[PDB]
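**Student:** Residue numbers (the entry's author numbering), protein chains in the order written: chain A, 98 to 173; chain B, 98 to 173; chain C, 98 to 173; chain D, 98 to 173. Beta carbons: idealized from backbone N, C-alpha and C, even for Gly. Take a look at the following structure, please.
Number of protein chains: 4
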Amino acid sequence: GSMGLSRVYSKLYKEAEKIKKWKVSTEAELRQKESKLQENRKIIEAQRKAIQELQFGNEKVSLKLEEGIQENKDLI
Amino acid sequence: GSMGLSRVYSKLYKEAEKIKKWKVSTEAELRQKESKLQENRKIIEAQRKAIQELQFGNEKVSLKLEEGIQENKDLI
Amino acid sequence: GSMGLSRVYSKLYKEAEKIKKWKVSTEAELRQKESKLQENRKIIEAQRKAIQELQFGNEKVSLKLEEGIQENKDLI
Amino acid sequence: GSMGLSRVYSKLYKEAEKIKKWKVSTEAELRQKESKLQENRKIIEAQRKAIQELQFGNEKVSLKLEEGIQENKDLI
């Protein structure tokens, strides 16, 4: 056991490699999750405005149909 | 035949009565036909204006339906 | 005045002519009034059925508009 | 410098603490990003189906309006 420090040294090297590798891995996954979150915010805002416009349109159509009913019903 | 003129006279009286009666009859029927003709002109003008108003209404209803279709179709 | 009867005779002839002429005149006017009355009945029945069909149509249009309103209003 | 190893030892302890702390931090942020991504998928699928139903409704309304126009236009 005249080389305990060489074994400590070798062990520390391997652990540093595992930790560096973990860093690379976890950061990369973070950037991918963040990227796809940003994409998600875009899609969600898009769909929100779309639903808003569709419902506004349905209100306009309702007013026209009501006008047509008034006109028609004076005739009956 | 010492009274031929009395027979002429009696015959003329009867014919005058028949003609007077015919006058009364035909005039009365004329007034009734004229009366009901005037009624007919009223009904016909009434129905004419009614049909006019109904068709005008149908044009207004058509414009409203067309507007509603435009509004609806922008949404599809 | 040895010809009173000739004067009666001449007067009767003239009156018969006036009455015959009146007959022709009044009958002719009767046929014309009757003719135009019959025409009037045709026009009136025509317009009646027309108004009937138009109002029936307006009821059908009303049902369609009501259906369109139901469909539209579920969306709002 | 009779205690170089004590200084190595102390340094290693501090680095292990920094790395452990980093682990806690990055995992926690991962769980939060994943959580909010899952929420995002729910919202997006919800809005998708909503837009689908709204557009289907607009097609139904269009057919009704077209029927009403047919009915109306036979009248004009």
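(1) Please state the DSSP three-state secondary structure of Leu172 of chain A.
(2) When we look at the beta-carbon of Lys161 of chain B and count the other beta-carbons within 10 Å, is it buried (16 or more) or exposed?
(3) Any C-beta of chain A within less than 7 angstroms: which residues of the region 136-162 of chain C qualify?
(4) In the structure shown, what three-state DSSP assignment does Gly98 of chain B receive?
(5) Under a Cβ-count criterion, where at least 16 other Cβ atoms within 10 Å of its own Cβ denotes burial, should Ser159 of chain C be classed as buried or exposed?
(6) For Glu164 of chain B and chain A, any beta-carbon pair shorter than 7 angstroms?
(7) Kindly indicate if chain D contains any beta-carbon less than 7 angstroms away from that of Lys117 of chain A.
(8) Is the beta carbon of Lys111 of chain C sitting closer than 7 angstroms to the one on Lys130 of chain B?
(9) Against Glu131 of chain C, what residues of chain B qualify as contacts under a CB-to-CB distance less than 9 angstroms, listed in chain order?
(10) Between the region 131-140 of chain C and the region 134-143 of chain A, do three or more beta carbon pairs fall short of 8 angstroms?
(11) I'd like to know if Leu134 of chain B contacts chain A, where contact means its C-beta is closer than 7 angstroms to some C-beta of that chain.
(12) Label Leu102 of chain B either buried or exposed according to how many other C-beta atoms from any shown protein chain fall within 10 Å of its C-beta, with 16 as the threshold for buried.
(13) Kindly indicate if chain E contains any beta-carbon less than 7 angstroms away from that of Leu127 of chain B.
(14) Taking 8 angstroms as the threshold, find out whether the region 114-126 of chain D comes into contact with the region 119-128 of chain B through three or more Cβ pairs.
(15) Output the distance between the C-alpha atoms of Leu151 of chain D and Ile173 of chain C, rounded to the nearest integer angstrom.
(16) Quick check on the burial criterion: 16 or more other C-beta atoms within 10 angstroms. Buried or exposed for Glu168 of chain A?
(17) Please find out if some non-hydrogen atom of the ligand GTP comes closer than 6 angstroms to the beta-carbon of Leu134 of chain D.
**Tutor:** Taking the coordinates as given:
(1) Walking along the first sequence from the start, residue 172 of chain A turns up at place 75. Annotated three-state conformation of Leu172 of chain A is coil, per DSSP.
(2) Here the question's residue 161 of chain B lines up with position 64 in the second sequence. By the neighbour-count rule (16 or more Cβ atoms within 10 Å), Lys161 of chain B is buried.
(3) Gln152, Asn155, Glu156, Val158, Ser159 and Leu162
(4) Numbered from its first residue, the second sequence carries residue 98 of chain B at position 1. Coil at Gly98 of chain B, not helix or strand.
(5) Working through the third sequence from its first residue, we reach residue 159 of chain C at position 62. With 16 or more Cβ atoms within 10 Å of its Cβ, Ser159 of chain C is classed as buried.
(6) In the second sequence, the residue the question calls residue 164 of chain B occupies position 67. By this cut-off, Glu164 of chain B is an interface position.
(7) For the purposes of this step, residue 117 of chain A is taken as the residue at position 20 of the first sequence. Chain D, which has no Cβ nearer than 7 angstroms to the Cβ of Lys117 of chain A, makes this no.
(8) If you number the third sequence from 1, residue 111 of chain C lands on position 14. If you number the second sequence from 1, residue 130 of chain B lands on position 33. Cβ atoms of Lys111 of chain C and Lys130 of chain B: not closer than 7 angstroms.
(9) Indexing the third sequence from 1 puts residue 131 of chain C at position 34. Near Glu131 of chain C (Cβ distances below 9 angstroms), the residues of chain B are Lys130.
(10) In the pairwise beta carbon analysis, the region 131-140 of chain C is classified as not touching the region 134-143 of chain A: fewer than three pairs are separated by under 8 angstroms.
(11) The residue given as residue 134 of chain B occupies position 37 in the second sequence. Closer than 7 angstroms: no.
(12) Against the second sequence, residue 102 of chain B aligns to sequence position 5. Around the beta carbon of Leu102 of chain B, fewer than 16 other beta carbons lie within 10 angstroms, which makes this residue exposed.
(13) Of the chains in the structure shown, none is chain E; the protein chains are A, B, C and D.
(14) no
(15) On the fourth sequence, residue 151 of chain D is found 54 positions in, with the first residue counted as 1. On the third sequence, residue 173 of chain C is found 76 positions in, with the first residue counted as 1. For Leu151 of chain D and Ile173 of chain C, the distance between alpha carbons rounds to 9 angstroms.
(16) For the purposes of this step, residue 168 of chain A is taken as residue 71 along the first sequence, with counting starting at 1. Flag for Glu168 of chain A reads buried.
(17) The ligand GTP is not part of this structure, which contains no ligands at all.
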